[PDB]
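In structure tokens, the next block holds one chain alone, the form solved without the named molecule.
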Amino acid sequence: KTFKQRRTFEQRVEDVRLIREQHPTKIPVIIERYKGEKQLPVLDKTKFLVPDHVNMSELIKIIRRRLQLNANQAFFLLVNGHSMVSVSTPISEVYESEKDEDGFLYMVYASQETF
């Protein structure tokens, strides 16, 4: 069901190695809906190549645009299981401290802060 369940550790590592080779300036991001989530839709895909210069504030804007949300729908983004201390950090920095061992950066979204 989840990305980690669909692909072996070996497979996730090799995909990150190919994104490095073919899209060297991009951060490999996995973005999943919270399994509890009732309100927001599911994304059209799971794996995203994010330009390494955008900060987390701009990534939230990007995902809200991809979900085609309106001004008063709530959106919370967990990175590596937890709240972001700051949305102003460049995703290149966030990646280096919050990447998984497989080399993806995992994110989950919900309409409640209580996931």
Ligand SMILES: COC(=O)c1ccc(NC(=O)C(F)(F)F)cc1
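What we label the rigid core is the largest C-alpha set whose atoms superpose within 1.5 Å from one form to the other. Start at 1 and count along the sequence shown; that's the residue number.
Between stretches 16 to 24 and 92 to 100, more displaced by Cα RMS in 9 other deposited structures of this protein (rigid core superposition)
Clearly, after the core fit, the stretch farther away in 9 other deposited structures of this protein is 16 to 24.
So if we fit everything on the core, which stretch drifts more in 9 other deposited structures of this protein, 73 to 81 or 26 to 34, C-alphas only?
Between 73 to 81 and 26 to 34, the one lying farther away in 9 other deposited structures of this protein is 73 to 81.
Using only the Cα atoms and their B-factors as the entry lists them, report which of 42 to 50 and 70 to 78 averages higher.
The deposited B-factors put 70 to 78 ahead on the C-alpha mean.
Entry-level comparison of average CA B-factors, 22 to 30 and 85 to 93, reporting the higher stretch:
Per the PDB record, 85 to 93.
Below, we turn to the form deposited with the named molecule bound, even though it does not appear here.
Is residue 36 close enough to touch the named molecule in the deposited complex, meaning at least one heavy atom pair within 4.5 Å?
Taking the distances in the deposited complex, the answer for residue 36 is no, it never comes within 4.5 Å of the named molecule.
Quick check on residue 51: any heavy atom within 4.5 Å of the named molecule in the deposited complex?
Contact with the named molecule, yes.
Just give me the residues of 55 to 85, first to last, that have a heavy atom within 4.5 Å of the named molecule in the deposited complex.
Heavy-atom contacts to the named molecule in the deposited complex: 59, 62, 66.
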